[PDB]
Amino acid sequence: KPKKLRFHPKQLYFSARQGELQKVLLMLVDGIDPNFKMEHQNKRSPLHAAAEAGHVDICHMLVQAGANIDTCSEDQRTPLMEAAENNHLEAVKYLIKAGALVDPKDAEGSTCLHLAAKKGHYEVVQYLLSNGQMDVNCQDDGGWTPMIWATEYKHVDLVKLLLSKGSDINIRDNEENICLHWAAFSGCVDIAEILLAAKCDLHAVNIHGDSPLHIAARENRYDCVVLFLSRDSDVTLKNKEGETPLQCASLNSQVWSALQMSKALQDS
């Protein structure tokens, strides 16, 4: 039973993280369980660290040793999600081609597609939609789609990629917002333009009665406000509290100056 060269269980996780291929090889040969879970470190397996860092050589060695490709951390994350969120395409490709499940959702109901969309990783999203049977309109616990996340973080070519692969411009979230309300929130005039060309309703309202113009004025997104005014968005429409988009704007601001002008000019 006594071994001259002894390893600590935690050493396999950190060596997978650092991409020390020869150290992982030696530990796996010494019969260290590749399916170990880090107790005081969000119950993650070394396959999570190897995937998070993008080490395809290490990832493969762990799977060949017998690691579970679909292991979950405390926050119900899979290594496929860790590689997708940290933009490691060849690790994403390795895990999908090994048999990693694309379908799992984390604690927030996010899939690897949501997590790569959120961060603007075009390359990963492109692979997940092409060499994957992944739902373009999957919704998380807020009822948000990968497009909504991509829109909010202003990832224009990513929104365009999802649009071209069947993303529905009319999906409603749990607060009754469509993607256009999030383009108005983020202040993305490029995305807001693309959605309007796709003949999106400029007067769609959420659970608060807010039109994209209410949201753009509140978030002080002048460029969006101007786009919506040029598309003849209603300056009079009152939300649920009874406020017009002008009543949502910041006092003595560029948005305020434009909205107070539009109101006086439409009067007659």
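The numbering used is simple: start at 1 and walk along the sequence shown.
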property	result
Mean C-alpha temperature factor, higher of 69 to 77 and 152 to 160	69 to 77
Per the entry, higher mean C-alpha B factor between 226 to 234 and 22 to 30	22 to 30
Among modelled residues of the same chain, the CA temperature factor third for residue 214	lowest
Third of the chain, ranked by Cα B-factor, where residue 38 sits	highest
Among modelled residues of the same chain, the CA temperature factor third for residue 205	lowest
